[PDB]
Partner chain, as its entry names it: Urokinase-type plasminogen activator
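Read the single chain below, which is given as structure tokens and is the form deposited without its partner chain.
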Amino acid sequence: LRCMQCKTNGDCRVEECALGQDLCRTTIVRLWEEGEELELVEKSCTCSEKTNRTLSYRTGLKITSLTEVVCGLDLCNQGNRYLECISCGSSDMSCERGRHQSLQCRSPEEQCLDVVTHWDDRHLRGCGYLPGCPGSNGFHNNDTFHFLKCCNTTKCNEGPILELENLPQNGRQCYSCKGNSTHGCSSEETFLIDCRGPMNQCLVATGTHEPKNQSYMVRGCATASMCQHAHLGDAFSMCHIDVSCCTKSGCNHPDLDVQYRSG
């Protein structure tokens, strides 16, 4: 496959994609601040199980806009008001402190977003889009929580900030670990936890951490929607992923692993 490869300095060239890099991408950071817009664009060959997603949120007077689009054809990365949502961010701690400024979405297909991440919670609330929406998806284990919600109606993302400790136990229990089979996901590190909220599937996923080529694995609790290559790709920076989810407590046990015609 081939794609444009561009550094943020605006210099680009055609890149012959490495074996198993099967996507092209454009990553875009846009910052509007009291009159000025700044923009940084990267392009490159990427590894699949990624989707298109965008997000805009307020920090003080600034607006920050994050975007990735991906595509499959040679050089397909070449060239490139509405619903009212709540918005806030974490850098200024505005999500957490409760100062939630209002934000009109610039595009008809954007919806209200809420996205929580931690391994120091990071909270971003604003306008954006993903293929799922409206919907939500989520994963948590002993030290990890990722959550995403999209709503189709006005200021629907208003509310206290979603924290794991306020979702009641599901009744489902699943094995918990992250790392590889020797480090972080050894048997001594893999143990049962109580699932919470709508995260009522046991999950295991393996793929290749993208930044460095190492094997990665994760186990825990998930929404059914989390059991999806792109979402796991996004959340853990992974690719060429095998996922399984199952709805019997402990069915996440590493001794119950089975490859899925990856194959």
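Numbering follows the first chain given and starts at 1.
A second form of this protein, the form deposited with its partner chain bound, is not displayed here; the remarks below concern that form.
For the chain shown alone, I193 is not a contact residue for its partner chain in the deposited bound form, no non-hydrogen atom being within 4.5 angstroms. By the criterion of a heavy atom within 4.5 Å, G98 is excluded from the residues contacting its partner chain in the deposited bound form.
In the deposited bound form, its partner chain lies within 4.5 Å of some heavy atom of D121. Among heavy atoms of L66, some come within 4.5 Å of its partner chain in the deposited bound form. Of the residues in 7-31, those that come within 4.5 Å of its partner chain in the deposited bound form through at least one heavy atom are, in sequence order, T8, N9, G10, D11, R25, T27, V29, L31.
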